[PDB]
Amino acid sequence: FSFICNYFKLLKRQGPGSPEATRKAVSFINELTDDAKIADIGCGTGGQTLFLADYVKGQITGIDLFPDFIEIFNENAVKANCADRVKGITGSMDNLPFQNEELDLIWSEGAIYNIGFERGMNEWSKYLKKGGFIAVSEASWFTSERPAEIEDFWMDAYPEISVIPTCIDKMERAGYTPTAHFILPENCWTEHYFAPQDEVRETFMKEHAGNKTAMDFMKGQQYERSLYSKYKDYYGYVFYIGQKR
């Protein structure tokens, strides 16, 4: 996970999503005030953080591991006239710089997988006020059994990938009222995640054409689309919205 970041820092989104998905997740939380405190964990370049910026009031704080991403985050915050309430800082997902019950809303798209769904649900709770909301998108199964090929890919990539019923079950455990959940539209993958990867494929494939590692990675990125186009009926990203009791 080194040069890879120099690939993703180009893209406007490092994970599947769309302005519609973020906006729909927002429709399930309570209205916020300019004095609210928001946190987008695993924000990345901040592609979805800015969408969220137009959908809710409050001070948003994006947190990512890689400083190169955070660097672009603020770059965009300033180019959007909202550097005042939209600020990105480098940090970790398993050790957040938040006081207990300081946050009104915890956001996270295609990043919870880094520390485990259940673990994140419980560990992040601490930082949320009573009645506060948490909204995260996560890859999940849509059926009870799927094809071998696709099953392998995930069980190896992310072992905690479970069916939707199981995730919601983990939400109650962590003390969350399972407000809602919805599968992410197919365009979130193809239009907003894959299609943009073609805009920067050639410029890239040139700089690393002779590198074995870089090639196996590129083939990996192309293998994901192949898998999605072939098993878009068995898995995908699911948005989970809950309210801390």
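A residue's number is simply how far along the shown sequence it sits, counting from 1.
Checked against the record, the higher mean CA B factor of 102-110 and 118-126 lies with 118-126.
Of the two segments examined, 64-72 and 177-185, it is 64-72 that shows the higher average Cα temperature factor in the deposited entry. For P159, the recorded CA temperature factor ranks within the highest third of the chain's modelled residues. For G132, the recorded CA temperature factor ranks within the lowest third of the chain's modelled residues. In the deposited entry, the Cα temperature factor of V86 sits in the middle third of values across the chain's modelled residues. The entry lists a Cα temperature factor for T213 that places it in the highest third of the chain's modelled residues.
Compared with the other modelled residues of the chain, the Cα B-factor recorded for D169 ranks in the middle third.
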